[PDB]
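*Asks:* So that we are looking at the same thing, I have put the structure below in structure tokens.
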Amino acid sequence: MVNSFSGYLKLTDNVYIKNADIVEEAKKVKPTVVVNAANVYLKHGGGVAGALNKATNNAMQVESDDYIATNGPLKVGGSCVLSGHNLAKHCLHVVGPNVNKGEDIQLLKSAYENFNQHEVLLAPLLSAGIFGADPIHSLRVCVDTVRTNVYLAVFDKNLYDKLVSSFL
Ligand SMILES: Nc1ncnc2c1ncn2[C@@H]1O[C@H](COP(=O)(O)OP(=O)(O)OC[C@H]2O[C@H](O)[C@H](O)[C@@H]2O)[C@@H](O)[C@H]1O
């Protein structure tokens, strides 16, 4: 399919980036898949997760609570596909490593590998916020791992400007 993604800078054959709120991009484009930067408990408190969940009027959290009750926590580096509610067809919840809490940064590659199961994704930079991975590192792992088409929404203007001026 052709989506209405607009205003993205090309990074590579398959990776595109924009200074935008992922919630607003999802609302406008209604992509097949929006990626959440989750924790293993799917407790969507802040950052991307909290903003996505609020935009679903808490439906994402209610669904997530049922998922955990049935299946238990995700693995670090793991994922699950749930509804995208009013934002997207699906939300791919992906758990990057919580580097600030001692988890292995190498698991960020495993996390991004989940994206390869989907032809097109709207996504954030995993682990680059409250989980404490260096943002440029997360971008480089994304570029070096994801082979499907990924549209990265970077909320923070200062960060975007730095990332797009950095080697990959
Ligand atoms: N609305 C947004 N749109 C786009 N990018 C955003 C947005 N909000 C933040 N970012 C950027 O998105 C990037 C990721 O920041 P984070 O969302 O913290 O994800 P993590 O993987 O580091 O931490 C996961 C925890 O975050 C939640 O609390 C979860 O529930 C988890 O517990 C940063 O560059 C942000 O500037």
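*Asks:* What residue, among those in the range 134-167 that are small (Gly, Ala, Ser) and surrounded by 18 or more Cβ atoms within 10 Å (Cβ to Cβ), is farthest from the chain's Cα centre (by Cα)?
*Replies:* So, considering only residues that are small (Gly, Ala, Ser) and surrounded by 18 or more Cβ atoms within 10 Å (Cβ to Cβ), the one farthest from the chain's Cα centre (by Cα) is 138.
*Asks:* Tally time: how many residues in the range 118-128 are within 15 Å of the ligand (Cβ to nearest atom) and either surrounded by fewer than 17 Cβ atoms within 10 Å (Cβ to Cβ) or assigned to a loop (DSSP other than H, G, I, E, B) (or both)?
*Replies:* 5
*Asks:* Looking at the structure I just gave you, is residue 37 aliphatic (A, V, I, L, M), in contact with a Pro (Cβ under 9 Å, 6 or more places away or on another chain), in contact (Cβ under 8 Å) with a residue 24 or more places away in the chain and crowded, with 18+ Cβ neighbours inside 10 Å?
*Replies:* Considered against the rule, which asks whether it is aliphatic (A, V, I, L, M), in contact with a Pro (Cβ under 9 Å, 6 or more places away or on another chain), in contact (Cβ under 8 Å) with a residue 24 or more places away in the chain and crowded, with 18+ Cβ neighbours inside 10 Å, residue 37 comes out as yes.
*Asks:* Let me ask something additional. What's the number of the only condition in (1) crowded, with 18+ Cβ neighbours inside 10 Å; (2) of a type in the set (S, T, N, Q); (3) under 15 Å from the mean Cα position of the chain (by Cα) that residue 64 fails to meet?
*Replies:* (3)
*Asks:* What tally of residues in the range 1-50 results from selecting those that are more than 12 Å from the chain's Cα centre (by Cα), among the hydrophobic types (A, V, I, L, M, F, W, C) and under 19 Å from residue 92 (Cβ atoms)?
*Replies:* Residues that pass the stated criteria total 8.
*Asks:* Test of understanding: among 131, 115, which residue is away from the ligand (no atom under 11 Å from the Cβ), of a type outside the set (D, E, K, R) and either under 15 Å from residue 78 (Cβ atoms) or buried (at least 20 other Cβ atoms within 10 Å of the Cβ) (or both)?
*Replies:* 115
All Cβ positions, even for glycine, are placed from backbone atoms using ideal geometry, and neighbour counts span all protein chains on display. Taken together, the values in this text are just the output of simple stated rules run on the coordinates, not laboratory data.
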